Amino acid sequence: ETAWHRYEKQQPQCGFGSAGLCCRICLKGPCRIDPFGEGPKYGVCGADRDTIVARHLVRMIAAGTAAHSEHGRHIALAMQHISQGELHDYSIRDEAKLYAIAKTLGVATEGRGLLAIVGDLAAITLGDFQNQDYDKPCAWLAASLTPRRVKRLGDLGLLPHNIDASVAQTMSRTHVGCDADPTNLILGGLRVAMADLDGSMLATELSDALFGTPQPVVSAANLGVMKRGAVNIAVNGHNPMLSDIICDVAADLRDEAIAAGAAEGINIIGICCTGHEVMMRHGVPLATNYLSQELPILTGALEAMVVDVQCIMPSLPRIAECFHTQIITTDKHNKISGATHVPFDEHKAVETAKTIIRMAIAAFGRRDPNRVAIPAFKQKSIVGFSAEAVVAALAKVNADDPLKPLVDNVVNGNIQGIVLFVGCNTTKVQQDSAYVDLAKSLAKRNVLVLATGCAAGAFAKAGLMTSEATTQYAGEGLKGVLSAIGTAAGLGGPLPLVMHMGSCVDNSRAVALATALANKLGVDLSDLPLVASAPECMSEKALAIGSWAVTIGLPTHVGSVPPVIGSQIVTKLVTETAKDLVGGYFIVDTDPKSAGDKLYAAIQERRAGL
């Protein structure tokens, strides 16, 4: 029983829910709203469909914010311990970025010396979680956005002051008998959404400092990245603090495994974000994205799967009980009944990593040799395109103004615009269907493609993160500059039709490049022919990313349809009133083809304004 199966058995899923016409915020419920048939028009409390549809959308964003923030808070606490001599398993693999950061956050570095620079950053970052002054914007946001944007959101009161405080006041204002005005609720949601970005930036930057900002690297994707002769260990989740250490400890045991009868040694494969984290920095091959995370077990060649936080199906234990596979959970706030828990203490990272990998080297000799079945499918992929890497490549075409070439080409027409693919894998859409057709769709129209998360995972497996992939679908105008830069660098040919910018949080990598280009033109993102698209979004996190994408200024496309249609006022606010208030807006459309046209249309419309 797979995810696709379970999905089928759910059919037909509740219509009231899908419409957002249901509310279980209090026990006087569950109240539903009859849109037409003049049945119930209000909740027992008096709440109307507009209110009802609004609070739920908002709480979904807050939850997404809380998911990302918790990822960041973790790394921020790591810096703190580092700048205090603790956690001797983690260092500053890139004092350069650790330095650039300080620069941006107004943190003095001059003759100071690392651990004080590591420490202040930790206090500022952690500050974004403790500030009680509703009017003091979060540091990272105020420091990382075009000054024009900071000025705009600030006047609208859409700039958050505290990540945790934002999630909480969001849940607090949507309690029964609280914030009911549709407009006020949606604005509050846009604000918490900004707290998601803040946490995302905070998390990406500091992550680069701890493990190294990613640079171009070749890798592989899909299940066909599992050695028959190797101990296969999959890492799935979002926190790199564990996976990265595992990759290190893994190599160290390039022997113990061989001993246990592992010819090709230890073969760790990634899944989702944490997988994207190690695939981005190091060569580590990506096994698969969200919906397909169970399929690796069926292979009958997966010794163990180490999971940390979020986007881990609770079904894994069961599916695994059918084989030898071990489902090892690691976080206190992330346990799954059936899995075997091995608390990951960062202060004892390497030590815990070894225990876990050992558990795998053991389960290896317990593997059924006659049940193995590993698809040949092994799509090659070129990943590791951090905002730095991108500017670094543009340097090899103009070391004085790396942005010059990029600016020019968009002005003449070679590059019509840029599409940022972010998002998940919904069952209400074919695995990686929309992603591929939408990418090719716009890439032909001379639109540059950037992708993160599972969306990026899709393109990886699809083979669009390839040099030739560009030579085969990139409309001339685009294909031109694409190959120039690529050649100007160490890759036989052009850049990938799709550039892998990292995990979900790494969407800030895109926000950074965008703001850089935007400042060069002395303009704002709400002016660039920059567009966002989430073809198969599903999670509350995804819903958050999309919301701030819209508040940053980008026209955002969602191909899943959030619980909004049940309310026209709300549907209006987020797809029309947003165009003014904040410049960005949502574009709901479940037809890839239709979406692409609306997207390109927006890119073209943005063009006009320049």
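Note that residue numbering follows the sequence shown and begins at 1.
When 51 to 59 is weighed against 64 to 72, 64 to 72 comes out higher, by mean CA B-factor as recorded in the entry.
Higher mean CA temperature factor, per the PDB entry, when comparing 131 to 139 with 462 to 470: 462 to 470. Reading the B-factor column for the CA atoms of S315, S219, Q310, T125 in the entry, the top value corresponds to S219.
Between the residues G111, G189, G457, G480, it is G480 that shows the highest Cα B-factor in the PDB record. Ranked within its chain, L599 lands in the middle third, by CA B factor from the PDB record.
Per-chain ranking of the deposited C-alpha B factor places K332 in the lowest third. Split the chain's modelled residues into thirds by C-alpha temperature factor. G546 is in the lowest one.
Split the chain's modelled residues into thirds by C-alpha temperature factor. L115 is in the lowest one.
When the modelled residues of the chain are ordered by C-alpha B-factor, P555 sits in the highest third.
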